[PDB]
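Visitor: I'd like to ask some things about the structure below.
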Amino acid sequence: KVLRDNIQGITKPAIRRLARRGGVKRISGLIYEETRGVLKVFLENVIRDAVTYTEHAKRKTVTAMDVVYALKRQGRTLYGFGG
Amino acid sequence: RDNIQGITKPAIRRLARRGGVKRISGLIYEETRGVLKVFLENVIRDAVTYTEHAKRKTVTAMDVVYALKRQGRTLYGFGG
Amino acid sequence: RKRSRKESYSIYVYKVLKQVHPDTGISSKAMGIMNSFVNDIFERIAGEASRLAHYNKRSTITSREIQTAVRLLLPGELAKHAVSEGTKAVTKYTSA
Amino acid sequence: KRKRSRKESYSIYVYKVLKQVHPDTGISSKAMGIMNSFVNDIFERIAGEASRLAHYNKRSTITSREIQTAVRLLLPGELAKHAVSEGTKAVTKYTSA
Amino acid sequence: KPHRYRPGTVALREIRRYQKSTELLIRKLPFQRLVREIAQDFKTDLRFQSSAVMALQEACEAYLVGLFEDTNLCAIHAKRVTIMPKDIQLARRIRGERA
Amino acid sequence: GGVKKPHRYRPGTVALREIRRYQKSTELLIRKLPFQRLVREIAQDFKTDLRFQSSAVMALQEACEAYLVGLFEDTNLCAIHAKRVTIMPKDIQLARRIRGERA
Amino acid sequence: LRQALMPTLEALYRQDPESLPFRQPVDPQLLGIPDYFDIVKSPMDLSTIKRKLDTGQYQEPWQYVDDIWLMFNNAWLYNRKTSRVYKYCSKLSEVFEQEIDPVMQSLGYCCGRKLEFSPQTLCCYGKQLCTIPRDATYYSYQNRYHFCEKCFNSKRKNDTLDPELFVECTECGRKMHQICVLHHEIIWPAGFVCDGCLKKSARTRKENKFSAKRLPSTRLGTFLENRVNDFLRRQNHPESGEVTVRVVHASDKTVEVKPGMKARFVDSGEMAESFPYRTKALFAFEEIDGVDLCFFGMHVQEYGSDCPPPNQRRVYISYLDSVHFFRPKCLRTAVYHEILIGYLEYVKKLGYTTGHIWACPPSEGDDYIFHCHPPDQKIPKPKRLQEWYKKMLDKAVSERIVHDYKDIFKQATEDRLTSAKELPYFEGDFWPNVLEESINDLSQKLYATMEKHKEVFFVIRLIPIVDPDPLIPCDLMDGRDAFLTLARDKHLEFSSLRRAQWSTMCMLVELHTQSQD
Amino acid sequence: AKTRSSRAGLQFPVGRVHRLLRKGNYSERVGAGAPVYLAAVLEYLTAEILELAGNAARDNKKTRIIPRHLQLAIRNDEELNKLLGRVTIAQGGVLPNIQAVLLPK
Amino acid sequence: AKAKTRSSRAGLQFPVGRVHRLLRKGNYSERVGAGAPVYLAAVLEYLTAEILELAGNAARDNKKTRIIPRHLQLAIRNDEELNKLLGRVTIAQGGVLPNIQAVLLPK
DNA sequence: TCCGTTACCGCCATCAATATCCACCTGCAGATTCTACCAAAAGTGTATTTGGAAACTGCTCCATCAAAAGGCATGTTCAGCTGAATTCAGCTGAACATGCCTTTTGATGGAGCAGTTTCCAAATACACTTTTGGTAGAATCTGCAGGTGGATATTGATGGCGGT
DNA sequence: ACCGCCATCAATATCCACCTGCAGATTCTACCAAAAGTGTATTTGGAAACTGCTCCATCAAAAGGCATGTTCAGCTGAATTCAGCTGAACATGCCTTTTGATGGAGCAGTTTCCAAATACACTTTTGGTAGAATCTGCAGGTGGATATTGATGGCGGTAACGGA
């Protein structure tokens, strides 16, 4: 079923922990929505590459191989799942 | 001969003017010259290797173009 | 010897430019810029098609593979125009 | 009978190469994926430069010279020469024996 | 009477603690629901394997981690400790992703 | 007493005019002979008795000219971000760092 | 000498490509400059000195240093200012300046720097008062007189620089700079002994009987030095020395009113013909490295209780000058403020109520008291002087010594003065000149002009006169003109710390000799 | 007797594209219609570039194509901005731009 | 010989026929040289040797006897050559190096 | 304390020198046209194998219902602080004039760059045989995580000894 | 009473040692489908040897740029203050985890079949280098018409002041 509004599922403690991991001492209260908007383009690009790979193979199941070889050409090569 | 003084003060000033800089500090030139040298060395090494591969004693723009294309710096105009 | 084959896209680019603009000229360097551009684009498309075809253990590369490469490299707003023109061209070629 | 298709991996070669330097150090299956991905990436890349230089020379024969040039071009710094040395000695002994 | 640790002293605790741990910090169920509803736009009735969602999660988590120190150094460059979205915009534009 | 001040421009007035004039011009800026000498001297380290064609030197000059303009444009945004007008080297160092070429 | 001077020559050699023109002797025939022998009388290069020192042709390293300075001077004189050879020689000389000093210091000398005095101004008879500026052409008269070229309607230029003097020790026989060693003939008529000879024999130099502390003491100077010492002890600076403030001049004079005011008011009898006053001059000395150094001096004019009105019960600061050599540097402003506050407190205790300050910054090339100000000593702006005086006055008010301070305009408005007679009259002040140039129209013009310049002048409200300090007649320093002339004639400059100390000890010797022949 | 370009109505030498694909060694076997699609895509792209260059030249009171017009046409379109994000245009210069904060007062 | 393989002939643990078969099936060319695989295997083995050496010291100093991705990340990030070679590579479970600026310190 | 007087400060006004704009004239090289010539490339025809596709059957694993719960998410209050505005104070590159120089363009003497032909050594293909590496199956051993007790750095609060 | 620096005490948090339970690592046994080394025949791109032939490297004139010297004012840095901001702690209630079972469309394997790429033969064309002739938009040169900065003064607004 077509659900919506899952970007709010990224809880405030999660973003706070992410910022703390980066060495940030003081965090402003207006950058969370900015990051939520920024992630949109990256997620859309990744899903577009993955769905293009899946549709080219005429398969109805999406595999991690399509995702990893799609990320390879974007300059984000990943190690750990073969390839 | 040092041959590094060729980048004169007016030349670097006019080059920086393209970016809209109105006030230029007096110690920007040494590090930008170093960056220029280290950037040119990387492509000169690639061009020398490409020329040595072909057993040729003369370098060509072909080697430079296909050495720069591997760095995400594809050049248009000299490919023909 | 001296007249060895050096085929390029000089005549084709000029004759294509003729229709879009009759009173327009391209002196010396625009030809080189467009030749380098088309060579780079062809290299990217051919390489992407080749790798995606190899990613499926297929010994034959058809228009579908290069079409997928084009859709991959060219985003939607150019992708729809590319797929429409390619489908119309292939249908016209097959019909004739 | 009916059995699933086999799979290929370099597990034995990696297991052997770990033994000579660190006999007591153990290796887990998690790092094998990263190692295989990295070695496949290196192999496909270096084959890419080798084939590209072969195309540049228009040579219909693929030999040690263009892969040597690819090793010089790709690996930065004296590490490249490092590999060259061993690679060179390898082929020489491969010619000797 | 509460200890009332001075501001900025507590941050050292978690900056030391988190750098020694690598466990995932994002819940799996909201992420999989989000990726399902996002990917439903291009194609419907799709089926996804278990490993695909976790692979996408661990491939997309690294981008923010790699941007965090860049934004921190950009903010410190302005003689400030607080980070602003303009730092992220500047980093993205210089990196070539935007312009 | 005395007579002076025929016409004196305010500071920074001519800067905008020269920026506008130079932004509409596309000719080269670096002299060819010093660049040729520098290229020859750098290439002497790798191999000796080498001959270079003019087209390759022109291509290298164009490639090195474009990169400096790109880095200057990148550092301009960093400089204006810090609420400062003067250009500082730290802008250049951090612009190099963010581009990922320092790795 | 070889083993000690060769590091400097090798350092000069390795400066590629700076030393390449000087590596080989200049050949005019093969260089396109055949007139070199016409310009340079002694053409020689680095290799010649290397050959000379290898063969031991130098009696002492001073000849080697002099030859180096000689080739530097020849290269500077021959090549033009914008030539690259001039720049090469200049930077080679700069490098040699830092390179040669440690060798001479280790060998037992003082320094190996070619130091020359400032170019003296030359008097001329064109207008009986014209002074020839630096680097100016003139017509000589058998080297005994000079005349200016502009007013003229042998010819030389004012480019001659007097070299520094040299003194030879009576035991070791080495020749070195007199200013660096701080040796004076009158103080030590028995001769000069270097520090090395004294250290070898465990001897000590004779106590200086010409020091500032041995000068006759004054109550005002004693109060000033006591206040300065108390403030310094309260600060407790480890690098702080001992500061002595002494009044050296105190003489009674009279000031004559100019004829322009004589016709307007003196002829009518509304004001007195002349004002008697007592002028006092004092200087501040600090002991640095066991050597007295003058760092602060002033000239003041005090009007006694017997002075006719409106000049009754007031003081005025005629001039102010100082040198930026006090230690510590941070407390120099504090010490100057303390000296000023102490002087104001002393005159208040005497009874004085009004004080006048003219904050006029010195012009470029013009010295108030201390001749040849150091190049590093920046000339204060009028705004800077006003801020400094305002801070000093605020500090004085905070000490319950000064009731208040205003500008001249506010003081005049509060005093409700109507005529120019009530305006203060001082010797050499700007107001008499302004009033003379102006000559109720005069009152309005004076009001407007003084309102325009109200920021520069400061008036201090502090609240018969008897002076316990006896008079000290001294014509060598009756005004800054004689002191400036004596400093210029004897080359007593304050450009460097050593030169300033030498000037201070020369002043102390001169004062001691004139006080008691 | 009849060329394939005339049959397909395409201006580019579709035979040369097939010949290049044969010697390009991308695959031992290739399709007949794939070079047609590739040539059509290349023709569409180059037509876009040429018409943008013509518009840029006409927007400068000039009847001759210059690299400055090419750079202006490329940099004025966001799709070409992202597409040629790493490509440098010869003698193209930079777009004029001044920051509002840098203006006086 | 019937017992001396080409891999043992060149004294390399890495296989020589597998990479040759991969090159043949990779459709790179219709002609594949015999000397390429022996050169490539040595380079791959040597690179594996450096990565193992740089992982070993990072594993030893932590008082650990088991390989962890943190050790691999430390080995990659502390070398100025591997960082330049692999500057666009993301490693799972690697993290980032600690970094504290002097300005942010409570001076 | 209020009104006449005055000087200071600032709004706005025509202009002076400079720069930018358009309009006309003149001589020149690239674009356009035309002609002939000829070899590499594209068209058809025939036979042959092979790769994707058809129908069929068997194995599989993911969504949803379902329950018990303890720890983390959210609301409320209290307080310490650090960024923005104000004023002031010191200084270096912008704006001129002047003497001096080396870019830019003009024709050259010999070592690599092709051209051609023939012979050589490695590449490829077909057939046999033994065999190392993946794996189904199973049995056996152990370092690592967690619980509990003990000992030690670390920090804030009521005072205490120096300057103000 | 403040500001620095500090000994002492009670409470937190961490590191370490001893002990115990268990999933993952290690090793026989064997497997026939697939790989590689060996034994022959044949063919083809490159090297040696000779030649003819250009193109990079090395000197000479005249004047628009290049380096020095002088002065200054908007620019940058420092000390001070205040109030909305976030961080911490405590109480109360919902939310994800795990395990079990079930149904069937999607995926994989098998055989045989049909149209298309490819190796030859043949011919008829079409664009590139060659030449010549012709024209026209464009780079200098000159001449007048308006737009821009800015020092400066006439005069209004205003604050300060002094006598009534």
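Here, residue 1 is simply the first one shown, and the rest follow in order.
Cβ atoms here come from the backbone N, Cα and C positions, even for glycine.
Copying in the features that Swiss-Prot gives for the protein in this structure:
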| type | residues | note |
| --- | --- | --- |
| MOD_RES | E:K1 | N6-methyllysine |
| MOD_RES | E:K20 | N6-succinyllysine |
| MOD_RES | E:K20 | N6-lactoyllysine |
| MOD_RES | E:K20 | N6-(beta-hydroxybutyryl)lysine |
| MOD_RES | E:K43 | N6-glutaryllysine |
| MOD_RES | E:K43 | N6,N6,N6-trimethyllysine |
| MOD_RES | E:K43 | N6-(beta-hydroxybutyryl)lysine |
| MOD_RES | E:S50 | phosphoserine |
| MOD_RES | E:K86 | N6-glutaryllysine |
| MOD_RES | E:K86 | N6-(beta-hydroxybutyryl)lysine |
| MOD_RES | E:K86 | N6-(2-hydroxyisobutyryl)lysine |
| MOD_RES | E:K86 | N6-acetyllysine |
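Help me see these features in their spatial surroundings.
Guide: The secondary structure of E:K1 (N6-methyllysine), as reduced to three states from DSSP, is coil rather than helix or strand.
When Cβ atoms from all protein chains are considered, those within 10 Å of E:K20 (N6-succinyllysine) total 9, not counting its own.
In the three-state DSSP classification, E:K20 (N6-succinyllysine) falls within coil.
Under the three-state DSSP scheme, E:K43 (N6-glutaryllysine) falls in the coil class.
Around E:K43 (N6-glutaryllysine), a 10 Å sphere centred on its CB holds 13 further CB atoms from the protein chains shown.
Taking a C-beta cut-off of under 8 Å and a sequence gap of six or more, E:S50 (phosphoserine) has no contacts in its own chain. For the recorded site, E:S50 (phosphoserine), the DSSP three-state label reads helix.
Under the three-state DSSP scheme, E:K86 (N6-glutaryllysine) falls in the helix class. Annotation for E:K86 (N6-glutaryllysine): no same-chain Cβ neighbours under 8 Å separated by at least 6 residues are found.
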Visitor: Using C-alpha atoms only, work out the spacing between E:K20 (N6-succinyllysine) and E:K43 (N6-glutaryllysine) and round it to an integer in Å.
Guide: 41
Visitor: Can you give me the Cα-Cα distance between E:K1 (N6-methyllysine) and E:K43 (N6-glutaryllysine) in Å, rounded to a whole number?
Guide: 60
Visitor: Can you name the modified residues among E:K1, E:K20, E:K43, E:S50, E:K86 whose Cβ is less than 8 Å from some Cβ in chain F?
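Guide: The answer, in sequence order, is E:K86.
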Visitor: What count of other C-beta atoms do you get within 10 angstroms of the C-beta of E:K1 (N6-methyllysine), across all chains shown?
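Guide: A 10 Å sphere around the Cβ of E:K1 (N6-methyllysine) contains 3 other Cβ atoms.
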Visitor: Can you list which of the modified residues E:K1, E:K20, E:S50, E:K86 come closer than 8 Å to chain A, going by CB to CB distance?
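Guide: Near chain A: none of E:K1, E:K20, E:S50, E:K86.
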